[PDB]
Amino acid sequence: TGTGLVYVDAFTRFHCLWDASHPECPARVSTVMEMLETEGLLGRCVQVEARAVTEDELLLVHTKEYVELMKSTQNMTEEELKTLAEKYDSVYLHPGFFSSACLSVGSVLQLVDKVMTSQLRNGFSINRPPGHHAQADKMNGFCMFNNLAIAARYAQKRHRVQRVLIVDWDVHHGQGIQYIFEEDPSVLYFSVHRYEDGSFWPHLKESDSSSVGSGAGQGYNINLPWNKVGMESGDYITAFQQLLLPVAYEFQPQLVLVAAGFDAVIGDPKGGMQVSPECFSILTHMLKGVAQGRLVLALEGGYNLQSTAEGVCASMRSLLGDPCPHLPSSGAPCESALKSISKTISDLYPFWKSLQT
């Protein structure tokens, strides 16, 4: 009936012990909640309780060996925690990380419950730590557990969902989600991300559009890599209109999960793109036409506190049914974006009839 929102103060209870200016910080989520309140959007949402993920739920994606190790991080010193975090690419540790990460996963599962049982139309978790880089047996890129990968498998097991679409519009490639479902045709992963032929983190050849999945999963992994900076709303709108939504309607998902990072929004200190926050109202609107609008967004990256809050608010207005905004930018894509879109289409053409033109 309404739009669910999950936030708990526990999401603020971890931070970089050795860098007080680390970009992945408590203020990210507090600033979002502050703007949701001042814009009058928070009071229009249905408040949904978070919950801690269970061991069995984590096992849906992560190895028992890795779960046990992360759980032990709550008993380590600033030096020990530093010893384990140096074993991973671009992470920090903190005694409260595991606890918050479990509530971060659980917040998404709460919304999947309510959306799949028709208690709510859709929902947004305002969660950290992020998830889309976490992998079966390792932390990565500020992530401990892969929130949306867990949620997808949870939906299939607990709610009899056959097909899940995961849309990842964070400026970084969610390689963790890609890996978990690489061979799986029941979970379609779409990621649009800065790539620049691998010079942009996470620096992986697998982030290119030639990675279409493997085995039975061929055609169910779709990468849209940007190879120039400064992409705009028109480029994302074009990518969604001519690539993602055609495949989405052909796939017929029963649930859509969004890796809703906002480091592609104008103003992010490191993402390098020029996407207006209003664009995400349109992108969210398009995704509501699919899966009877069964749509759950979960926060990933985005490090300009205002830009990220504005992106969340824009997405939230569309979840709540408010009229789409006026787009300040051109509705015409640039050549680099069209070349990227054309190349991905060429890589995916053989598996999707809706792309055959």
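Heads up: residue numbers just count along the shown sequence, starting at 1.
Among the other compared PDB entries, is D19 dropped in a third or more?
-> That residue is missing from at least a third of the other compared entries.
348-356 set against 3-11, stretch whose average Cα temperature factor tops the other in the entry | If you average the C-alpha B-factors of 3-11 and of 348-356, the larger mean comes out for 348-356.
As stated in the PDB record, which stretch has the larger average Cα B-factor, 66-74 or 314-322?
-> Of 314-322 and 66-74, the stretch with the higher C-alpha B-factor average is 66-74.
Most elevated Cα B-factor in the entry, residues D197, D89, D170, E250 = Of the options given, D197 has the highest CA B-factor in the PDB entry.
So among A332, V290, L297, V32, who wins on Cα B-factor in the entry?
-> When the deposited C-alpha B-factors of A332, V290, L297, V32 are compared, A332 is largest.
Would the CA B-factor of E79 place it in the lowest, middle or highest third of its chain?
-> Top third by C-alpha B-factor.
Of the three thirds of its chain by CA temperature factor, lowest, middle or highest, which one includes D184?
-> It falls in the middle third of the chain.
Ranked by Cα temperature factor within the chain, is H133 in the lowest third, the middle third or the highest third?
-> Lowest third.
Taking the entry's C-alpha B-factors for this chain, is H193 in the lowest, middle or highest third?
-> For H193, whose C-alpha B-factor we compare with every modelled residue in the chain, the answer is the lowest third.
What third of its chain's C-alpha B-factors does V105 belong to: lowest, middle or highest?
-> For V105, whose C-alpha B-factor we compare with every modelled residue in the chain, the answer is the lowest third.
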